[PDB]
Amino acid sequence: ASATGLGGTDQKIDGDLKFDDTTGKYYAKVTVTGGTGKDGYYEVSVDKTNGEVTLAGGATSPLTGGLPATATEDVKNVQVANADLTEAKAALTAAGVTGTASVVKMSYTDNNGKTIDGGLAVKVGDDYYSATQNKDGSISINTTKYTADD
């Protein structure tokens with residue numbers, strides 16, 4: 001729907017999509033006919049809950065500057081904000097419990113005051129599952145394998 005509303009015959013992005021945390025807004029690429037360098041990623045906002053194309057401020061004219069400098073480097077890195085917690089919610093739904101999830105650290109309140117990281121153990125119930133923070137920050141599900149009666 002966004003591609004159709006933006007105009008043109010086709011606007012689907014080829015290859016991997018580009019996300020940058022500093023920008024905070026999606027990139028839309030529109031092909032240009034009879035020009036070189038005119039095609040560049042523009043900053044757009046997509047609302048998933050709304051489900052329809054809405055234009056804020058009535059800005060029909062494209063952003064000036066010719067080729068935009070904010071979108072010039074291709075990066076293959078894929079990261080999403082911590083508020084998403086897609087894998088955590090999926091694991092919770094697999095367990096069947098939904099609610100506010102709390103993270104803890106393998107520490108002790110004593111004379112020494114220990115502090116050892118316990119990863120992204122952001123769990124709802126008092127039984128705090130151990131979810132492992134990865135090298136790139138990905139939350140990983142470490143569930144021990146057991147052979148049941150089957």
# chains A, B, ... in the order shown; residues from 1 in each chain; ligands from 1

$ residues_around --residues "segment 88-98 of chain A" --least-positions-apart "3" --cutoff "10 Å" --atoms "only C-alpha atoms" --output "PyMOL selection string"
chain A and resi 84-85+101+120-125+129+131+139-141

$ residues_around --residues "residue 46 of chain A" --least-positions-apart "2" --cutoff "8 Å" --atoms "only C-alpha atoms" --output "CSV table (one decimal) with N, CA and C atoms, in the first residue's frame"
chain,number,residue,atom,x,y,z
A,26,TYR,N,12.3,5.5,8.2
A,26,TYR,CA,12.6,4.5,7.1
A,26,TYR,C,13.1,5.3,5.9
A,44,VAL,N,11.1,8.7,5.2
A,44,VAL,CA,9.7,8.6,5.3
A,44,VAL,C,9.3,7.9,6.6
A,48,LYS,N,2.4,1.4,11.2
A,48,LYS,CA,1.8,0.0,11.0
A,48,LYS,C,0.4,-0.1,11.5

$ closest_residue --among "A:142, A:108, A:100, A:79" --to "residue 21 of chain A" --atoms "only C-alpha atoms"
A:79

$ closest_residue --among "A:76, A:128, A:148, A:43" --to "residue 17 of chain A" --atoms "only C-alpha atoms"
A:76

$ atom_distance --atom1 "atom CA of residue 29 of chain A" --atom2 "atom CA of residue 61 of chain A"
15.3 Å

$ select_by_dssp --residues "segment 57-119 of chain A" --states "helix (DSSP H, G or I)" --output "list in words"
residues 86, 87, 88, 89, 90, 91, 92, 93, 94 and 95 of chain A

$ select_by_dssp --residues "segment 61-150 of chain A" --states "strand (DSSP E or B)" --output "ChimeraX atom specification"
/A:102,123,131-133,139-141

$ write_last_selection --atoms "N, CA and C atoms" --output "PDB file, in the first residue's frame"
ATOM      1  N   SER A 102      10.751  -8.677  33.899  1.00  0.00           N
ATOM      2  CA  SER A 102      11.812  -8.064  34.684  1.00  0.00           C
ATOM      3  C   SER A 102      13.117  -8.821  34.483  1.00  0.00           C
ATOM      4  N   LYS A 123      12.115 -11.538  32.174  1.00  0.00           N
ATOM      5  CA  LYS A 123      11.070 -12.540  32.300  1.00  0.00           C
ATOM      6  C   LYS A 123       9.961 -12.026  33.208  1.00  0.00           C
ATOM      7  N   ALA A 131      18.012 -16.012  29.386  1.00  0.00           N
ATOM      8  CA  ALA A 131      18.181 -15.677  27.980  1.00  0.00           C
ATOM      9  C   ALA A 131      19.518 -14.972  27.810  1.00  0.00           C
ATOM     10  N   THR A 132      20.301 -15.412  26.830  1.00  0.00           N
ATOM     11  CA  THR A 132      21.696 -15.010  26.706  1.00  0.00           C
ATOM     12  C   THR A 132      21.838 -13.847  25.734  1.00  0.00           C
ATOM     13  N   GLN A 133      22.519 -12.793  26.173  1.00  0.00           N
ATOM     14  CA  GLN A 133      22.915 -11.731  25.260  1.00  0.00           C
ATOM     15  C   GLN A 133      24.059 -12.214  24.375  1.00  0.00           C
ATOM     16  N   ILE A 139      19.214 -11.539  21.553  1.00  0.00           N
ATOM     17  CA  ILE A 139      18.761 -12.388  22.650  1.00  0.00           C
ATOM     18  C   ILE A 139      18.619 -13.819  22.148  1.00  0.00           C
ATOM     19  N   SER A 140      19.225 -14.756  22.871  1.00  0.00           N
ATOM     20  CA  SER A 140      19.308 -16.148  22.457  1.00  0.00           C
ATOM     21  C   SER A 140      18.653 -17.037  23.502  1.00  0.00           C
ATOM     22  N   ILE A 141      17.912 -18.030  23.021  1.00  0.00           N
ATOM     23  CA  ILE A 141      17.134 -18.935  23.856  1.00  0.00           C
ATOM     24  C   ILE A 141      17.990 -20.172  24.106  1.00  0.00           C
TER      25      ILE A 141
END

$ decode --residues "segment 36-64 of chain A" --atoms "N, CA, C and O atoms" --output "PDB file, in the first residue's frame"
ATOM      1  N   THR A  36      20.665  10.845 -13.799  1.00  0.00           N
ATOM      2  CA  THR A  36      21.711  10.148 -13.067  1.00  0.00           C
ATOM      3  C   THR A  36      21.972  10.858 -11.746  1.00  0.00           C
ATOM      4  O   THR A  36      22.203  12.071 -11.717  1.00  0.00           O
ATOM      5  N   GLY A  37      21.933  10.096 -10.655  1.00  0.00           N
ATOM      6  CA  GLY A  37      22.144  10.653  -9.335  1.00  0.00           C
ATOM      7  C   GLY A  37      20.875  11.204  -8.715  1.00  0.00           C
ATOM      8  O   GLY A  37      20.841  11.512  -7.520  1.00  0.00           O
ATOM      9  N   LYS A  38      19.824  11.336  -9.527  1.00  0.00           N
ATOM     10  CA  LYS A  38      18.550  11.835  -9.020  1.00  0.00           C
ATOM     11  C   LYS A  38      17.900  10.844  -8.063  1.00  0.00           C
ATOM     12  O   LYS A  38      17.167  11.251  -7.154  1.00  0.00           O
ATOM     13  N   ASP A  39      18.159   9.550  -8.242  1.00  0.00           N
ATOM     14  CA  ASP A  39      17.564   8.509  -7.411  1.00  0.00           C
ATOM     15  C   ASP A  39      18.325   8.435  -6.091  1.00  0.00           C
ATOM     16  O   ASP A  39      19.538   8.210  -6.075  1.00  0.00           O
ATOM     17  N   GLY A  40      17.610   8.633  -4.988  1.00  0.00           N
ATOM     18  CA  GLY A  40      18.213   8.538  -3.673  1.00  0.00           C
ATOM     19  C   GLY A  40      17.168   8.209  -2.636  1.00  0.00           C
ATOM     20  O   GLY A  40      15.976   8.471  -2.828  1.00  0.00           O
ATOM     21  N   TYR A  41      17.618   7.628  -1.526  1.00  0.00           N
ATOM     22  CA  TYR A  41      16.703   7.276  -0.450  1.00  0.00           C
ATOM     23  C   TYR A  41      16.218   8.535   0.259  1.00  0.00           C
ATOM     24  O   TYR A  41      17.018   9.391   0.647  1.00  0.00           O
ATOM     25  N   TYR A  42      14.904   8.644   0.432  1.00  0.00           N
ATOM     26  CA  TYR A  42      14.295   9.742   1.163  1.00  0.00           C
ATOM     27  C   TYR A  42      13.739   9.229   2.484  1.00  0.00           C
ATOM     28  O   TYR A  42      13.337   8.068   2.606  1.00  0.00           O
ATOM     29  N   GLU A  43      13.718  10.115   3.475  1.00  0.00           N
ATOM     30  CA  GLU A  43      13.252   9.775   4.812  1.00  0.00           C
ATOM     31  C   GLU A  43      11.732   9.826   4.859  1.00  0.00           C
ATOM     32  O   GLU A  43      11.128  10.860   4.554  1.00  0.00           O
ATOM     33  N   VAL A  44      11.116   8.707   5.240  1.00  0.00           N
ATOM     34  CA  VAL A  44       9.668   8.596   5.334  1.00  0.00           C
ATOM     35  C   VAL A  44       9.309   7.907   6.643  1.00  0.00           C
ATOM     36  O   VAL A  44      10.127   7.221   7.259  1.00  0.00           O
ATOM     37  N   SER A  45       8.061   8.101   7.061  1.00  0.00           N
ATOM     38  CA  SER A  45       7.527   7.506   8.277  1.00  0.00           C
ATOM     39  C   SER A  45       6.392   6.562   7.909  1.00  0.00           C
ATOM     40  O   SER A  45       5.489   6.938   7.154  1.00  0.00           O
ATOM     41  N   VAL A  46       6.441   5.345   8.442  1.00  0.00           N
ATOM     42  CA  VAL A  46       5.432   4.325   8.188  1.00  0.00           C
ATOM     43  C   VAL A  46       4.757   3.981   9.508  1.00  0.00           C
ATOM     44  O   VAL A  46       5.433   3.631  10.482  1.00  0.00           O
ATOM     45  N   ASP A  47       3.432   4.086   9.538  1.00  0.00           N
ATOM     46  CA  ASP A  47       2.641   3.728  10.709  1.00  0.00           C
ATOM     47  C   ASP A  47       1.969   2.385  10.454  1.00  0.00           C
ATOM     48  O   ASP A  47       1.114   2.273   9.569  1.00  0.00           O
ATOM     49  N   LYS A  48       2.357   1.370  11.228  1.00  0.00           N
ATOM     50  CA  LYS A  48       1.813   0.031  11.030  1.00  0.00           C
ATOM     51  C   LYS A  48       0.375  -0.084  11.516  1.00  0.00           C
ATOM     52  O   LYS A  48      -0.442  -0.744  10.866  1.00  0.00           O
ATOM     53  N   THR A  49       0.050   0.542  12.651  1.00  0.00           N
ATOM     54  CA  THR A  49      -1.306   0.456  13.182  1.00  0.00           C
ATOM     55  C   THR A  49      -2.311   1.126  12.252  1.00  0.00           C
ATOM     56  O   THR A  49      -3.423   0.621  12.062  1.00  0.00           O
ATOM     57  N   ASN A  50      -1.936   2.266  11.662  1.00  0.00           N
ATOM     58  CA  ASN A  50      -2.850   2.979  10.775  1.00  0.00           C
ATOM     59  C   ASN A  50      -3.226   2.149   9.554  1.00  0.00           C
ATOM     60  O   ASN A  50      -4.409   2.059   9.209  1.00  0.00           O
ATOM     61  N   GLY A  51      -2.244   1.540   8.890  1.00  0.00           N
ATOM     62  CA  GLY A  51      -2.505   0.668   7.766  1.00  0.00           C
ATOM     63  C   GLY A  51      -2.796   1.360   6.452  1.00  0.00           C
ATOM     64  O   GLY A  51      -3.068   0.672   5.460  1.00  0.00           O
ATOM     65  N   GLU A  52      -2.749   2.690   6.408  1.00  0.00           N
ATOM     66  CA  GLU A  52      -3.035   3.435   5.190  1.00  0.00           C
ATOM     67  C   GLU A  52      -2.027   4.563   5.033  1.00  0.00           C
ATOM     68  O   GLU A  52      -1.383   4.983   5.998  1.00  0.00           O
ATOM     69  N   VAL A  53      -1.896   5.046   3.801  1.00  0.00           N
ATOM     70  CA  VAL A  53      -0.927   6.088   3.480  1.00  0.00           C
ATOM     71  C   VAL A  53      -1.506   7.448   3.845  1.00  0.00           C
ATOM     72  O   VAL A  53      -2.551   7.853   3.324  1.00  0.00           O
ATOM     73  N   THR A  54      -0.825   8.157   4.741  1.00  0.00           N
ATOM     74  CA  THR A  54      -1.192   9.511   5.126  1.00  0.00           C
ATOM     75  C   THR A  54       0.026  10.419   5.015  1.00  0.00           C
ATOM     76  O   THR A  54       1.135  10.035   5.400  1.00  0.00           O
ATOM     77  N   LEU A  55      -0.186  11.622   4.489  1.00  0.00           N
ATOM     78  CA  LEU A  55       0.878  12.594   4.283  1.00  0.00           C
ATOM     79  C   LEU A  55       0.769  13.695   5.329  1.00  0.00           C
ATOM     80  O   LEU A  55      -0.304  14.282   5.508  1.00  0.00           O
ATOM     81  N   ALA A  56       1.875  13.968   6.014  1.00  0.00           N
ATOM     82  CA  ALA A  56       1.906  14.974   7.067  1.00  0.00           C
ATOM     83  C   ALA A  56       2.430  16.294   6.515  1.00  0.00           C
ATOM     84  O   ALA A  56       3.537  16.350   5.968  1.00  0.00           O
ATOM     85  N   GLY A  57       1.630  17.350   6.658  1.00  0.00           N
ATOM     86  CA  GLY A  57       2.018  18.675   6.234  1.00  0.00           C
ATOM     87  C   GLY A  57       1.771  18.986   4.774  1.00  0.00           C
ATOM     88  O   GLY A  57       1.973  20.137   4.362  1.00  0.00           O
ATOM     89  N   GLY A  58       1.337  18.010   3.982  1.00  0.00           N
ATOM     90  CA  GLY A  58       1.112  18.246   2.565  1.00  0.00           C
ATOM     91  C   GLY A  58       2.363  18.626   1.804  1.00  0.00           C
ATOM     92  O   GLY A  58       2.342  19.578   1.013  1.00  0.00           O
ATOM     93  N   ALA A  59       3.460  17.904   2.027  1.00  0.00           N
ATOM     94  CA  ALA A  59       4.737  18.204   1.379  1.00  0.00           C
ATOM     95  C   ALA A  59       4.820  17.405   0.085  1.00  0.00           C
ATOM     96  O   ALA A  59       5.386  16.312   0.035  1.00  0.00           O
ATOM     97  N   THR A  60       4.244  17.962  -0.982  1.00  0.00           N
ATOM     98  CA  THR A  60       4.288  17.302  -2.283  1.00  0.00           C
ATOM     99  C   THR A  60       5.671  17.402  -2.914  1.00  0.00           C
ATOM    100  O   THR A  60       6.125  16.456  -3.569  1.00  0.00           O
ATOM    101  N   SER A  61       6.346  18.529  -2.734  1.00  0.00           N
ATOM    102  CA  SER A  61       7.672  18.708  -3.311  1.00  0.00           C
ATOM    103  C   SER A  61       8.684  17.832  -2.580  1.00  0.00           C
ATOM    104  O   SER A  61       8.660  17.765  -1.345  1.00  0.00           O
ATOM    105  N   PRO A  62       9.575  17.147  -3.294  1.00  0.00           N
ATOM    106  CA  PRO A  62      10.589  16.332  -2.617  1.00  0.00           C
ATOM    107  C   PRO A  62      11.608  17.197  -1.894  1.00  0.00           C
ATOM    108  O   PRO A  62      11.747  18.393  -2.161  1.00  0.00           O
ATOM    109  N   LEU A  63      12.318  16.572  -0.956  1.00  0.00           N
ATOM    110  CA  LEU A  63      13.348  17.269  -0.200  1.00  0.00           C
ATOM    111  C   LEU A  63      14.453  17.762  -1.131  1.00  0.00           C
ATOM    112  O   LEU A  63      14.905  17.057  -2.037  1.00  0.00           O
ATOM    113  N   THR A  64      14.892  18.993  -0.890  1.00  0.00           N
ATOM    114  CA  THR A  64      15.864  19.644  -1.757  1.00  0.00           C
ATOM    115  C   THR A  64      17.256  19.063  -1.505  1.00  0.00           C
ATOM    116  O   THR A  64      17.438  18.105  -0.748  1.00  0.00           O
TER     117      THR A  64
END
